[PDB]
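Shown below, as structure tokens, is a lone chain in the form deposited in one PDB entry; questions about how it binds or moves come after it.
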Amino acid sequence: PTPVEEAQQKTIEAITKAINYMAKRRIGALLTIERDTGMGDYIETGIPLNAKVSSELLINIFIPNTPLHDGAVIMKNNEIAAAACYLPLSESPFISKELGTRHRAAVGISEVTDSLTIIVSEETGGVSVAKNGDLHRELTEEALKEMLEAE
């Protein structure tokens, strides 16, 4: 595997471990992975980290009632660029009515970028992904990992 490919695999393992930990504990989370559409305008709204990825840091960011937990984490390649970032709210009618602002923000950024956003529901622990204006809910651990590997 090339170093780039190994680094990607490590980042995916770190994300999936953090998401699984948060889902089990009903820690709401909103994590956008920048792809080819640059997200600088949204990164600049948050608190800069420019930090190496780890499952530990991802989990620490989203702990309820802490400075960094409200808003989106935006990742650039193998780094956490910023936390507590603004994303635009979607008005799509295909967002389940019971869902709150994290899911609407995720679909919103997915309408104007090619990013992949993962959401953990604080109500149910369900994991969802927003991409290209669509929300895919109730993902298994295996499905999330496959989606990330394909991305």
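Heads up, when I say rigid core I mean the largest set of C-alphas that superpose within 1.5 Å between the two forms. So that there is no doubt, residue numbering starts at 1 and follows the sequence shown.
Here 42 to 50 and 92 to 100 are scored by the root mean square distance of their C-alpha atoms in 9 other deposited structures of this protein, with each structure fitted by the rigid core; the higher score goes to 92 to 100. For the pair 21 to 29 and 129 to 137, the record assigns the higher mean C-alpha temperature factor to 21 to 29. The stretch 63 to 71 shows the higher mean C-alpha B-factor when 63 to 71 is compared against 106 to 114 in the entry.
Sort the chain's modelled residues by C-alpha temperature factor and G100 lands in the highest third, per the entry.
For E91, the recorded CA B-factor ranks within the highest third of the chain. Only modelled residues enter the ranking.
Although it is not shown, the form solved in complex with a small molecule is what the next lines describe.
Contact with the small molecule in the deposited bound form holds for all three of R26, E141 and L144, each having a heavy atom within 4.5 Å. Proximity of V127 to the small molecule in the deposited bound form falls within the 4.5 Å heavy atom cutoff.
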